Amino acid sequence: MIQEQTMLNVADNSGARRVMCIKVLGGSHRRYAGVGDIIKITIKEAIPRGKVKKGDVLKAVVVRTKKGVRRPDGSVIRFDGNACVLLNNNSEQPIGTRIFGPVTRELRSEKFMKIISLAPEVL
Amino acid sequence: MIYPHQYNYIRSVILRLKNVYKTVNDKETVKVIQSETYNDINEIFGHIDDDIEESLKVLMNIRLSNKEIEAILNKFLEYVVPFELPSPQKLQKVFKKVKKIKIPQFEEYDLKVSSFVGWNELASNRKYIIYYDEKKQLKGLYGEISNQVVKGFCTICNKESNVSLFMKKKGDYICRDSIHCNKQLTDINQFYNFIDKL
Amino acid sequence: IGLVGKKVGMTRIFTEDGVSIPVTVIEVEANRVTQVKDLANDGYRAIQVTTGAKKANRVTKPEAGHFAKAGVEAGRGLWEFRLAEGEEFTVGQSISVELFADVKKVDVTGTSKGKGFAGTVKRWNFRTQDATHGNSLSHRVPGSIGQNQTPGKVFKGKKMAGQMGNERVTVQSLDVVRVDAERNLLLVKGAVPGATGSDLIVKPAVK
Amino acid sequence: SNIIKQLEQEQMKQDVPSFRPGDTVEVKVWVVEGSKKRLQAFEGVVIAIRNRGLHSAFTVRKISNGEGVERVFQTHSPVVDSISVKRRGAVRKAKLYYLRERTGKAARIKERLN
Amino acid sequence: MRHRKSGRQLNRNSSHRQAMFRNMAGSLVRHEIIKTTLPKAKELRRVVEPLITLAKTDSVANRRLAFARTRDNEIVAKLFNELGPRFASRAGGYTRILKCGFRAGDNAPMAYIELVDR
RNA sequence: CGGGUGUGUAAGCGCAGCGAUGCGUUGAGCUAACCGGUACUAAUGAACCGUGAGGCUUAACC
RNA sequence: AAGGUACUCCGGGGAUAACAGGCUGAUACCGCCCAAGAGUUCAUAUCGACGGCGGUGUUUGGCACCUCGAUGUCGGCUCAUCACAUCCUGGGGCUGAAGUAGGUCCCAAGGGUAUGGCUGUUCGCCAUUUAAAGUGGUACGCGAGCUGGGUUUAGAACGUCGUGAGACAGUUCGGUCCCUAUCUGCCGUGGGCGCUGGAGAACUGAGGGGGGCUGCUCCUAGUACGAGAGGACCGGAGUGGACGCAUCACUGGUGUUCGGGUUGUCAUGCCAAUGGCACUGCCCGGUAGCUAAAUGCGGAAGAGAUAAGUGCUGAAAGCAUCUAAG
RNA sequence: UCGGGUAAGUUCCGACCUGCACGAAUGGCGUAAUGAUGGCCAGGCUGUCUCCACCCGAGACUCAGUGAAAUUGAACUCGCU
RNA sequence: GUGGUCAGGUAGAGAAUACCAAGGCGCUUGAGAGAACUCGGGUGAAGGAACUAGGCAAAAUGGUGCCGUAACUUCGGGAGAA
RNA sequence: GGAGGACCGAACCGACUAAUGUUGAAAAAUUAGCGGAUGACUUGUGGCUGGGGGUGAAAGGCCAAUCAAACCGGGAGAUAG
Ligand SMILES: [K+]
Ligand SMILES: [K+]
Ligand SMILES: [K+]
Ligand SMILES: [K+]
Ligand SMILES: [K+]
Ligand SMILES: [K+]
Ligand SMILES: [K+]
Ligand SMILES: [K+]
Ligand SMILES: [K+]
Ligand SMILES: [K+]
Ligand SMILES: [K+]
Ligand SMILES: [K+]
Ligand SMILES: [K+]
Ligand SMILES: [K+]
Ligand SMILES: [K+]
Ligand SMILES: [K+]
Ligand SMILES: [K+]
Ligand SMILES: [K+]
Ligand SMILES: [K+]
Ligand SMILES: [K+]
Ligand SMILES: [K+]
Ligand SMILES: [K+]
Ligand SMILES: [Mg+2]
Ligand SMILES: [Mg+2]
Ligand SMILES: [Mg+2]
Ligand SMILES: [Mg+2]
Ligand SMILES: [Mg+2]
Ligand SMILES: [Mg+2]
Ligand SMILES: [Mg+2]
Ligand SMILES: [Mg+2]
Ligand SMILES: [Mg+2]
Ligand SMILES: [Mg+2]
Ligand SMILES: [Mg+2]
Ligand SMILES: [Mg+2]
Ligand SMILES: [Mg+2]
Ligand SMILES: [Mg+2]
Ligand SMILES: [Mg+2]
Ligand SMILES: [Mg+2]
Ligand SMILES: [Mg+2]
Ligand SMILES: [Mg+2]
Ligand SMILES: [Mg+2]
Ligand SMILES: [Mg+2]
Ligand SMILES: [Mg+2]
Ligand SMILES: [Mg+2]
Ligand SMILES: [Mg+2]
Ligand SMILES: [Mg+2]
Ligand SMILES: [Mg+2]
Ligand SMILES: [Mg+2]
Ligand SMILES: [Mg+2]
Ligand SMILES: [Mg+2]
Ligand SMILES: [Mg+2]
Ligand SMILES: [Mg+2]
Ligand SMILES: [Mg+2]
Ligand SMILES: [Mg+2]
Ligand SMILES: [Mg+2]
Ligand SMILES: [Mg+2]
Ligand SMILES: [Mg+2]
Ligand SMILES: [Mg+2]
Ligand SMILES: [Mg+2]
Ligand SMILES: [Mg+2]
Ligand SMILES: [Mg+2]
Ligand SMILES: [Mg+2]
Ligand SMILES: [Mg+2]
Ligand SMILES: [Mg+2]
Ligand SMILES: [Mg+2]
Ligand SMILES: [Mg+2]
Ligand SMILES: [Mg+2]
Ligand SMILES: [Mg+2]
Ligand SMILES: [Mg+2]
Ligand SMILES: [Mg+2]
Ligand SMILES: [Mg+2]
Ligand SMILES: [Mg+2]
Ligand SMILES: [Mg+2]
Ligand SMILES: [Mg+2]
Ligand SMILES: [Mg+2]
Ligand SMILES: [Mg+2]
Ligand SMILES: [Mg+2]
Ligand SMILES: [Mg+2]
Ligand SMILES: [Mg+2]
Ligand SMILES: [Mg+2]
Ligand SMILES: [Mg+2]
Ligand SMILES: [Mg+2]
Ligand SMILES: [Mg+2]
Ligand SMILES: [Mg+2]
Ligand SMILES: [Mg+2]
Ligand SMILES: [Mg+2]
Ligand SMILES: [Mg+2]
Ligand SMILES: [Mg+2]
Ligand SMILES: [Mg+2]
Ligand SMILES: [Mg+2]
Ligand SMILES: [Mg+2]
Ligand SMILES: [Mg+2]
Ligand SMILES: [Mg+2]
Ligand SMILES: [Mg+2]
Ligand SMILES: [Mg+2]
Ligand SMILES: [Mg+2]
Ligand SMILES: [Mg+2]
Ligand SMILES: [Zn+2]
């Protein structure tokens, strides 16, 4: 449940540490983005000599949320923090070469199949 | 980013290249033109983006199409920086003597392709031209424009066009339509020289 | 045609695939035809049915006679269903939940839960005004209800505070999860109007 | 009530093990990738148990790949293949929400020995 | 809305309600009949009768629970010594309410509530 | 009354410890609005209101 | 015999200004007529010089008819409702329409029609969205609904003008927003009587209201089209955004009426155990109910009569002609 | 205007000098400390907001007692054009 | 609104505050109900100033001891910096 | 050793913000916060200054709910195109 102004941790090695959602893409007046939803972000914090730099505006996919995801049985998977993977604006493919932390099966799609492969654990 | 006159130059060279493709029957000459045209566009932009390169590639293709040309023109148009219309109060400062001076609304595209903005009162047969100088200070000139229209080489664009004599008693014929004039103009200096000539 | 049932409550059905389906349990006891309406007499084709039981003392003499003519025992209420040209029924016939055995989707009609007098925020999803920033006694108030001298009135159908719920509502195109003739149970996917123990009219989906 | 109870009872698992809050349990969950179906294991402390018949649920908290993860399971759901108590923990409370704010040495639970 | 809710606020806060019923329950045990407002009598049943049910089994814990609820050793004694034994056979309905007109001062509906054995 | 649910092993007693406290009895005690039951209490015999076959004309039918 | 007054005051005026209304329509805005030209050629795909004729009430104005024994004035908020000169979605003609994507005109008002940064702003610019981010009317809709940042009292200061008091279509900081609804209206909800003996039910449907949005992906098909590049119509399927209705099975919130922990103090003779009070003293959990962030469902298909438009047959008018008959 | 800060800054800060119309006791320029002083930014914090939900109390509502007010030419006091 | 005097206990730096003593009171309409809405409070998923003219209001911080503490400074400060 | 228009903070003296209240509980308050709190401090009692006069750390403030000229009585039935 990510909205504009929400701060997310980064689950990749792009070099961004903290990012802020500036837009939830995909609809008019769309309030929230869940896991698997692409968002527009600005890099608030970045590591030195990273691929990405502070103040850069790019896209990202939400991979973990505190609110969590609901499974067909009614089961819930929640995480301690909200996390995203930085994507190239045009390609919408992961900028980073590594994925850190567990990801949900909701990202099991052709678009985000690379992330699933890189991810250590898929829940 | 490119100036309006620069865009007009690019537009002209592209049209020439298309004309060359149609008319020229010698491949080698075409190659020279292709290179010439390519170089000119390369001269315009210090750094060329891949979209420019793609556009160039289409331009390079001997079988160019007018639709293709238009698309290429549109891509180049994006780079062009529009002429900024002055604020009402700024305009008034420019023309203090003129009272209740007004500018007719100009299309955004027109502003993009306009080196200078010129409008006619018509009722008083007055043409008002506003242009930013090299210092980037807006400069306004207002002068009588003839009601009669004749075809002749226009001083501002140095092209044969429908022209009316303008007096700000030697006079210079200028295009009745400033927007048409702006399209024709490919060099800002020419306009500056015209002002100097006045 | 449709049957009258009662809302037993809600539960889940776990599928083998592991999907959990929200289901509303509707008890459809046999519906007994009390009267048949025809074009000649009534000007329309329909069947009137009853279900359940009523205390003999509670049944009035006029009600009892209507049940007696049918030959059916007294039911809690009387409901009518319009008949299609093909359909034909006889007085005293009992219709069971097996009717919906082959019905994929149904429309369920019931009386909604009564909320009493409700404000515009709850009733029409009006936005509340500022909680702070100087707001004087106007946090949940409706705001303007019109214009000025033109038109000089409030238009009919203006959304305002008033009674909410306790009204007939239909939810259409609910999937039929299970039909149990033995237990007289219809299991339908999703929520249906009304509180537990309320009368539900179930019909095959019109759409 | 009785009608729904009969329906609920028919679907209820009879193999559910006894577990308490603070117990470390491993839950085997069925996971389907394409055609293939495999059992994935989730092991962590039980922090909450909701006793509600067929609607019973339990919440398991683990730290995975440096990230805290909590999973609410529907006990009688077919997705849960099996539950096993790896360790029994000694706590005084029904709900262990305080463990969310604790990590490492702070988050340790004493074993219940009996 | 108050769907499926129980209890009467009686235009008091929770602390005042609890205290009043603890006093009123004592009064009913002491006198075995009291005159009160009809709504308060209906509420008093839900407080007094469980106390009598508790009194049926005599134990230190039960007496202490009764003391916690009543805070009167005399009432606890009478409950366990007298009322508990008296009502042992009876299952519920330890009290009866009798409507007795309206109060002069405020026209409040009034009722007597008494122990059934009295 | 039984159950469920929630909270989380009551009091008392015993044991261990200098003691705080722990342990056993004990998943104990307690448990609202829930669920299934149950006339123990309260829903009274009455009384009250509402009548006594329902205008005229014409047509058709019996 | 000169001035100031925002420190002000009284008698008057809608005889006379500022707001809104009215009349008007110069101006504004929208449309049309002629066609010099532009458009490689070619007035009319698109555009249109010099001139001409209208429409709207819609800007800036003109007038001073209403109101000066008071018609609260900008912007925002809340809530809207109408028009169509249509922003999107629907239908269609022409195209300088290969496809894709456009241009332009016609029909069409059912529904839908951003969030932020800056600024009191309306606006505008910018950032990032969207199918789109429509234009207008409604006292520049809406202060007996809210706000009070702008603006226009009294304080103070700067620049400026003035000898000065003071003043500024300059700026700066501070600066009381009342009303218990009688009537109309509107949202709900009852009582009376009527409906022709009385009574209990079930209905019919005159009439009224609600609802009507749309993205993306896949298939058809890399098929038609095209030198390639690219890339459909038509048709079908899935999955979303926004919105609405219902519901509480699930996930949660709340749960001063359930259980527990715990600080200070007082009391129950004391111990032990409990109770009162301290925001429920402070907290931790939590039943029912209520509820959204939770999870079901909806917009339709279909039919009839049509708009622009497209025709068939067909004279008047031996041809032609969608129209005059049909 | 340029630079800083923001994804985006008519405010803010640092510069520039083109001072409509600064300027030296109706003082000029600085200035530690101080300020219920003006502007701007950040962390924390949050129902301010996305977007409201539930709950506890006091009113509102119903019954008994008491019992105002402003206003009011008269009223048998609808819509639209 | 109104000057002076008196000053118990536990905790506490205290005449703060909390609970109590002596002493004094429950504030001269009540009784129900448990709608909207208003007032005064409690709690809140995910987010966290996106609100707004403006973080207005709210939330938050809060004690004692010890460690430690910047620019700048009129050498006192700043400083309870953090 | 014990200075200070010193610091924190009750009484006491003020009154920065918000809400409520606006036919009020009240003709200026209440509630939650807020400033000073050994001083140019605050407070009791008595006294003195008088209306073009007083008094004013200056707001045209205040001078008995009255102030760019108090109140009361009189000129007085001022005058009112
Ligand atoms: K024990
Ligand atoms: K024990
Ligand atoms: K238990
Ligand atoms: K004068
Ligand atoms: K026209
Ligand atoms: K042509
Ligand atoms: K006026
Ligand atoms: K078209
Ligand atoms: K429309
Ligand atoms: K409008
Ligand atoms: K107005
Ligand atoms: K306003
Ligand atoms: K009004
Ligand atoms: K109001
Ligand atoms: K009226
Ligand atoms: K629920
Ligand atoms: K709940
Ligand atoms: K205590
Ligand atoms: K001087
Ligand atoms: K000096
Ligand atoms: K300052
Ligand atoms: K005087
Ligand atoms: Mg209800
Ligand atoms: Mg709002
Ligand atoms: Mg107010
Ligand atoms: Mg309020
Ligand atoms: Mg009940
Ligand atoms: Mg009361
Ligand atoms: Mg209390
Ligand atoms: Mg029980
Ligand atoms: Mg249990
Ligand atoms: Mg205990
Ligand atoms: Mg044990
Ligand atoms: Mg029951
Ligand atoms: Mg002034
Ligand atoms: Mg003054
Ligand atoms: Mg006057
Ligand atoms: Mg007039
Ligand atoms: Mg006017
Ligand atoms: Mg008027
Ligand atoms: Mg013309
Ligand atoms: Mg006008
Ligand atoms: Mg006149
Ligand atoms: Mg008047
Ligand atoms: Mg139209
Ligand atoms: Mg409409
Ligand atoms: Mg229709
Ligand atoms: Mg904006
Ligand atoms: Mg207005
Ligand atoms: Mg408007
Ligand atoms: Mg008001
Ligand atoms: Mg109004
Ligand atoms: Mg203001
Ligand atoms: Mg000066
Ligand atoms: Mg209709
Ligand atoms: Mg309609
Ligand atoms: Mg929804
Ligand atoms: Mg439930
Ligand atoms: Mg919960
Ligand atoms: Mg709670
Ligand atoms: Mg004692
Ligand atoms: Mg003790
Ligand atoms: Mg006490
Ligand atoms: Mg006390
Ligand atoms: Mg249709
Ligand atoms: Mg013919
Ligand atoms: Mg900001
Ligand atoms: Mg800048
Ligand atoms: Mg700002
Ligand atoms: Mg600056
Ligand atoms: Mg001087
Ligand atoms: Mg000075
Ligand atoms: Mg200075
Ligand atoms: Mg009364
Ligand atoms: Mg009217
Ligand atoms: Mg005093
Ligand atoms: Mg003391
Ligand atoms: Mg005190
Ligand atoms: Mg209430
Ligand atoms: Mg409230
Ligand atoms: Mg709170
Ligand atoms: Mg929250
Ligand atoms: Mg939270
Ligand atoms: Mg934060
Ligand atoms: Mg903002
Ligand atoms: Mg905003
Ligand atoms: Mg504040
Ligand atoms: Mg606070
Ligand atoms: Mg001091
Ligand atoms: Mg003072
Ligand atoms: Mg105060
Ligand atoms: Mg100080
Ligand atoms: Mg102090
Ligand atoms: Mg005075
Ligand atoms: Mg005088
Ligand atoms: Mg005289
Ligand atoms: Mg006189
Ligand atoms: Zn020219």
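Letters A, B, ... are given to chains in the order of the sequence lines, protein chains preceding strands, and every chain is numbered from 1. All values below come from the heavy atoms of this structure, side chains included, with hydrogens, waters and symmetry mates left out.
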- [ ] May I ask whether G14(J) and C34(J) qualify as a Watson-Crick or G-U wobble pair, both distances being under 3.5 Å?
- [x] yes
TODO: Flag the pair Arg103(E) / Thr37(E) as yes when at least one side-chain heavy-atom distance between them is below 4.5 Å, and no otherwise.
DONE: yes
Task: Integer-rounded Å distance: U247(G) P and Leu174(C) CG - done: 13 Å
Task: Groove identity (major vs minor) for side-chain contacts of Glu4(A) below 5.0 Å - done: minor
Open item on the list: Going by purine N1 to pyrimidine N3 plus the second Watson-Crick contact, or the G-U wobble pair, all under 3.5 Å, which nucleotide sits opposite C30(G)?
Closed with: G54(G)
TODO: For nucleotides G241(G) and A293(G), find the distance between their P atoms and express it as a whole number of Å.
DONE: 13 Å
TODO: Identify, via the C1'-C2'-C3'-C4' dihedral, which side the sugar of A15(I) sits on: north or south.
DONE: south
Task: Short side-chain N/O contact to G36(F) OP1/OP2 from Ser1(D), under 4.0 Å - done: yes
TODO: Positive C1'-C2'-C3'-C4' means north, negative means south, so call it for the sugar of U59(G).
DONE: north
Task: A58(H) phosphate, OP1 or OP2, under 4.0 Å from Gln9(E) side-chain N/O - done: yes
TODO: With north meaning a positive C1'-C2'-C3'-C4' (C3'-endo side) and south a negative one (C2'-endo side), sort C76(H) into one of the two.
DONE: south
Open item on the list: Tell me whether the side-chain N/O atoms of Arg50(D) come closer than 4.0 Å to OP1 or OP2 in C250(G).
Closed with: yes
Open item on the list: Nearest whole Å is fine: how far is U295(G) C1' from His55(D) NE2?
Closed with: 14 Å
Open item on the list: Going strictly by the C1'-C2'-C3'-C4' torsion (positive north, negative south), how would you label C49(H)?
Closed with: north
- [ ] In sequence, state the C-alpha distance, the side-chain angles, and the governing distance for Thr70(E) and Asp72(E), and then conclude on side chain to side chain donor-acceptor pair (under 3.5 Å).
- [x] CA-CA 5 Å; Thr70(E) 64; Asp72(E) 192 353; over 6 Å; no
Task: side-chain N/O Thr60(C) vs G200(G) OP1/OP2, d < 4.0 Å - done: no
- [ ] Report yes or no: do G57(H) and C39(I) constitute a Watson-Crick or wobble pair with both atom distances shorter than 3.5 Å?
- [x] yes
Task: Length of the line joining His139(C):NE2 and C39(I):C1', which is rounded to integer Å - done: 9 Å
Task: Where the sugar of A70(G) falls when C1'-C2'-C3'-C4' decides north versus south - done: south
Open item on the list: Could you check whether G33(J) pairs with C16(J) (Watson-Crick or G-U wobble, each of the two distances under 3.5 Å)?
Closed with: yes
Open item on the list: What is the separation between atom CD on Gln147(C) and atom P on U81(G), rounded to the nearest whole Å?
Closed with: 8 Å
Open item on the list: Just checking: do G65(I) and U2(I) form a pair, Watson-Crick or wobble, with both of the defining distances under 3.5 Å?
Closed with: no
Open item on the list: Just the rounded figure in Å: distance from P of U295(G) to CZ of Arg12(C).
Closed with: 12 Å
